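The structure appears right after this line, and notes come after that.
Methodologically, a virtual Cβ is constructed for each residue, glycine included, from the backbone with ideal geometry; neighbour enumeration extends over all protein chains shown. Each answer follows from the model by the rule given with it, or from the source it names; none is laboratory data.
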Amino acid sequence: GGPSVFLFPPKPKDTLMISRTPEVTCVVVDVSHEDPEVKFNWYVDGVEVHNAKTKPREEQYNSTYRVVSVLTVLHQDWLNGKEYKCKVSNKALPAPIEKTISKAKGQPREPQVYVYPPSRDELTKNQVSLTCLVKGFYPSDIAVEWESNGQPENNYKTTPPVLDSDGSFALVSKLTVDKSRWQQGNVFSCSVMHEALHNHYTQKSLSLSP
Amino acid sequence: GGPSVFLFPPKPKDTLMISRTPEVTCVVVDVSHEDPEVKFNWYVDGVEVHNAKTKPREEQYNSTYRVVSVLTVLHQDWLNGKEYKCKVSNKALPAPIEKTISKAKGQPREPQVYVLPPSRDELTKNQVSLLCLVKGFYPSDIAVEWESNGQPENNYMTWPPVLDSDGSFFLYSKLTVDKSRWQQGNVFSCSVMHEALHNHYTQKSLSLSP
Ligand SMILES: *[C@@H]1O[C@H](CO[C@@H]2O[C@@H](C)[C@@H](O)[C@@H](O)[C@@H]2O)[C@@H](O[C@@H]2O[C@H](CO)[C@@H](O[C@@H]3O[C@H](CO[C@H]4O[C@H](CO)[C@@H](O)[C@H](O)[C@@H]4O[C@@H]4O[C@H](CO)[C@@H](O[C@@H]5O[C@H](CO)[C@H](O)[C@H](O)[C@H]5O)[C@H](O)[C@H]4NC(C)=O)[C@@H](O)[C@H](O)[C@@H]3O)[C@H](O)[C@H]2NC(C)=O)[C@H](O)[C@H]1NC(C)=O
Ligand SMILES: *[C@@H]1O[C@H](CO[C@@H]2O[C@@H](C)[C@@H](O)[C@@H](O)[C@@H]2O)[C@@H](O)[C@H](O)[C@H]1NC(C)=O
């Protein structure tokens, strides 16, 4: 019993793309009204930082509070495997609970990215399926998104990555588009962001030839 | 105290192909030497049935008994949503344990099956990928396989069903083949089994087009 703590990594797009803002998130739940006092300490490979921000306690429908501290990280430190430990001390806690987290381990492997046009068979339908295969990648942390004419084309689902027969990961993203738009000759591109890619980024395109 | 029961359903493929035998399996573990008699009572939509096969108890390395009862189900009973209950009595229980399982609920929707050849970009590799897209199905229970030349294929992986925006599921399977085989004109076939297909089965084939 007493309060519990969960420790969450940044989003992979946030670590990979230099303008974005990667954060590690330390969540405290089951904080009591009678002992609501929660202090956070943060450490990066065992050294303390003070740039974190702790949110005010928040009451849950279950009568306990939720406490959070968000610690923005340097993209480089996360990608280099630096260790992030959040320390939670609370009256109800005879001993501090410490969770640590860091990037997924393993030697990087550059994803191979392919796009696939719609089946001949599928053209009978009001919509068509553009397919993006990403395989050979390691670790599994990855972001895959679609767009057309610079604009997010968000009408898509993606398999979570799963292990292939050579020990790497693969996944497939499916964007659904109007056959007409496909027929209108519009270009669609698959965007892939992964630590192994140069610039962390590659985009592959397809369209119907005039 | 108490021994515990776990009740497992049949494999979807076994419920779909008439040549196969679908089974509901009731597994009682953590039974003791002092109270070893286990009796099963099986009900299908509440009507007791008498045809299950029970196996002799077998001692586990924790010095407990494992006792498994196998009930053959009729394909169409399962597909029609019948409820199978296994009841297990033992003297170390405050009373019998009951467990009931049945097929996933929801209006079934017919899979749509597409096959896509490898992208021209991939042909410059030692192995290639052929994709099988199966979408718009419901429930998620499904079996997908690949063969060629009258042999099944050994080199595929199939991602879990993904819930699509329209409430249905889709999934992909990826068959990897040496480019030579592909370039040699060999035919590859994706076979999909699902309750909402006529005959519970469809197959789509592709080959290299010169
Ligand atoms: C004492 O020991 C027992 C037995 O354990 C064994 O012996 C001990 C000494 C050790 O050596 C162990 O390493 C060894 O396993 C132990 O029993 C276990 O108890 C725990 C709970 O406390 C059970 O845990 C549950 O497991 C559920 C999932 O179990 C399935 O998957 C696991 C692998 O993840 C298998 O090990 C299980 O056997 C079971 O496998 C499933 O089995 C069914 C029925 O046979 C298969 O379905 C049927 O398949 C056939 C074809 O084969 C047809 O398709 C049929 O139509 C179909 O019905 C099914 O395919 C298979 N699945 C897989 C993935 O293989 C889980 O859901 C629960 O939430 C829970 O975790 C555990 O199962 C159980 N082990 C058993 C029975 O072997 C005791 O706990 C120990 N006691 C103490 C006090 O220590
Ligand atoms: C108390 O609630 C915490 C927050 O859980 C979230 O909101 C609660 C009320 C539920 O609605 C749940 O759906 C959400 O995940 C939990 O993390 C915590 O474990 C809960 N504590 C207890 C003792 O139940």
Notebook entry, point to check: Checking A:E59 against (1) exposed (fewer than 13 other Cβ atoms within 10 Å of the Cβ); (2) away from ligand 2 (no atom under 16 Å from the Cβ), which single condition isn't satisfied?
Noted result: (2)
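Against the definition (under 16 Å from B:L7 (Cα atoms), β-branched (V, I, T) and away from ligand 1 (no atom under 13 Å from the Cβ)), how does B:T72 come out, yes or no?
no
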Check: Of all residues in segment A:68-83, which are surrounded by 15 or more Cβ atoms within 10 Å (Cβ to Cβ) and over 15 Å from A:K53 (Cα atoms)?
Finding: A:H75, A:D77, A:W78, A:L79, A:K82
Note to self: Can you tell me which condition B:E153 does not meet? The list is (1) surrounded by 20 or more Cβ atoms within 10 Å (Cβ to Cβ); (2) without any contact (Cβ under 8 Å) to a residue 40 or more places away in the chain, and all the others hold.
What the structure shows: (1)
Notebook entry, point to check: What is the number of the single condition among (1) surrounded by fewer than 18 Cβ atoms within 10 Å (Cβ to Cβ); (2) within 14 Å of chain A (Cβ to nearest Cβ) that B:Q112 does not meet?
Noted result: (1)
Next item on the list: Please state which one of B:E98, B:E48, B:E37 is assigned to a loop (DSSP other than H, G, I, E, B) and outside the structural domain of B:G167 (by CATH).
Entry: B:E37
Next item on the list: Could you list, in sequence order, all residues of segment A:62-100 that are within 16 Å of ligand 2 (Cβ to nearest atom) and not polar (S, T, N, Q)?
Entry: A:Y65, A:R66, A:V67, A:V68, A:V88, A:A92, A:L93, A:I97, A:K99
Check: Within segment A:164-207, how many residues are surrounded by 15 or more Cβ atoms within 10 Å (Cβ to Cβ), among the hydroxyl-bearing types (S, T, Y), more than 9 Å from every other protein chain (Cβ to nearest Cβ) and under 24 Å from the mean Cα position of the chain (by Cα)?
Finding: 5
Next item on the list: Please specify each residue of segment A:113-145 satisfying the condition of being of a type in the set (S, T, N, Q), within 22 Å of B:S207 (Cα to Cα) and in a loop (DSSP other than H, G, I, E, B).
Entry: A:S119
Check: Here is a list of conditions, (1) within 30 Å of A:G2 (Cβ to Cβ); (2) buried (at least 17 other Cβ atoms within 10 Å of the Cβ), and A:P161 meets all of them except one; can you say which number that is?
Finding: (1)
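Do you know which residues across segment B:15-34 are in contact with a helix residue (DSSP H, G or I) (Cβ under 8 Å, 6 or more places away or on another chain) and either more than 6 Å from ligand 1 (Cβ to nearest atom) or outside any strand (DSSP E or B) (or both)?
Listed by number, the residues that qualify are B:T15, B:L16, B:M17, B:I18, B:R20, B:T21, B:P22.
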Next item on the list: Could you grab the pairs with beta carbons closer than 8 Å, sequence gap of 6+ or different chains, first residue in segment A:160-178 and more than 18 Å from B:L133 (Cβ to Cβ), second one surrounded by fewer than 19 Cβ atoms within 10 Å (Cβ to Cβ) and of a type in the set (D, E, K, R)?
Entry: A:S168/A:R109
Check: Which residue out of B:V134, B:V128, B:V115, B:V144 is touching a helix residue (DSSP H, G or I) at 6+ places or on another chain (Cβ under 6 Å) and among the aliphatic types (A, V, I, L, M)?
Finding: B:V128
Next item on the list: Those residues that are part of a helix (DSSP H, G or I) and not charged (D, E, K, R), I need them from segment A:146-203; list them, please.
Entry: A:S180, A:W182, A:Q183, A:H198, A:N199, A:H200
